[PDB]
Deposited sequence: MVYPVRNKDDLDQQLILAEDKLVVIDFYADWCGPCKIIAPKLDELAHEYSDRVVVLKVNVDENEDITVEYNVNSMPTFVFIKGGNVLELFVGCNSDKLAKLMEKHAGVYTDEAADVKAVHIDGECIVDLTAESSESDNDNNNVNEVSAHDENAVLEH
């Protein structure tokens, strides 16, 4: 399952506890159609990769600070992180690419 981020200090802690794991952060809002469509597949991947991947979820309406720090301008946006380093940024609704990007490292509103 996908862990909601309450604030920047929550997220900063999660990034350190993730250790060597792949971290994937999903920026979403409740008013975003494409966000809702891809969300089941993201939860499916989180179970398949639970030993290797940590999956975080940032609600942009309550987290303006985290959104500005990651330069999020569109939704959905998935940031792939390992060791506090941003490896790759991915915007859009292709859930087949999302699943592929998750295995290699283990439509658009606003």
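Any chance you could give me the deposited-sequence numbering of all the stretches lacking C-alphas?
-> According to the deposited record, C-alpha coordinates are absent for 107 to 124, 129 to 157, which together make up the missing parts.
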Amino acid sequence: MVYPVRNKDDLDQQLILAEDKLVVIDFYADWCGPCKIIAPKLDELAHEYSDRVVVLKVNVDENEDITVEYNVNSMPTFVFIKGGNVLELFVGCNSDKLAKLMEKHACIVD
From here on, numbers count along this sequence of modelled residues.
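Of the two stretches 77 to 85 and 29 to 37, which shows the higher Cα B-factor on average in the entry?
-> It is 29 to 37 that shows the higher mean C-alpha B-factor.
Higher-scoring stretch by recorded Cα B factor average, 88 to 96 or 20 to 28 | Result of the comparison: 88 to 96.
What third of its chain's C-alpha B-factors does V58 belong to: lowest, middle or highest?
-> As the PDB entry reports it, the C-alpha B-factor of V58 lands in the middle third of its chain.
Which third of the chain holds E48 when residues are ordered by C-alpha B factor: lowest, middle or highest?
-> For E48, the deposited C-alpha B-factor lands in the middle third.
Divide the modelled residues of the chain into thirds by Cα B-factor and specify which third, lowest, middle or highest, holds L42.
-> Middle third - that is where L42 ends up once the chain's C-alpha B-factors are sorted.
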